[PDB]
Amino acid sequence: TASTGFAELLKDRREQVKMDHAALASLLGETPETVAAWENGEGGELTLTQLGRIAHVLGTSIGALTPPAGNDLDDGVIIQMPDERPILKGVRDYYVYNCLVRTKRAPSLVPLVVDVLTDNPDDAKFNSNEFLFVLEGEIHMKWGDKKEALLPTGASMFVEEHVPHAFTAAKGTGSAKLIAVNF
């Protein structure tokens, strides 16, 4: 939880720097009562700005004083039925992003089924780790300076971070689909 995580992390950092409620309260310009309260799990109303100041006085970051994402698994597993997929369209029309399962235990995991609706290579716009798999059709991949390659169904690829790239269905083939797993 947020307030409880903050309460346990605040106390930890406080002592880590040899301060007692009195000492931190003084640097902060608050009462030992207040600091004691926060550490009792009563800081949920503290604002971003107030938190930044606390983080500054303790010489660390807000992230260091806040709990991790949390657990949303059921005995280590999380499942998503195709009916629950949130959808985002890249209108210009061009791409449809069908978001697959995600988890707070691995925040960087952003998997998707990307429908590639355009089959005009020249109409590809560079975006800028990721694993991909051609689900259906033929994909025309372009990367680097805004190289390319034509990939058949079943081909897989890895694109390193910061690598600008664009996807389009093979010219004339109409459309294509791919699984993109960002991680």
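The first residue of the shown sequence is 1; numbering continues from there. If you superpose the two forms and keep the largest set of C-alpha atoms that fall within 1.5 Å, you have the rigid core.
Between 26 to 34 and 57 to 65, greater CA displacement relative to the shown form is found for 26 to 34 when the structures in 8 other deposited structures of this protein are fitted on the core. In summary, of the stretches 152 to 160 and 119 to 127, 119 to 127 shows the greater Cα distance from the shown form in 8 other deposited structures of this protein, with structures fitted on the rigid core. Deposited sequence between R92 and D93: 1 to 3 residues lack coordinates.
According to the PDB entry, the deposited sequence contains 1 to 3 residues between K146 and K147 that lack coordinates. On average the C-alpha atoms of 118 to 126 have higher B-factors than those of the other stretch, with 118 to 126 and 57 to 65 being the two compared. Higher mean CA temperature factor, per the PDB entry, when comparing 151 to 159 with 29 to 37: 29 to 37.
Highest CA B-factor among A166, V17, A169, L10, as stated in the entry: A166. Remark: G70 belongs to the highest third of its chain, ranked by C-alpha B-factor as recorded.
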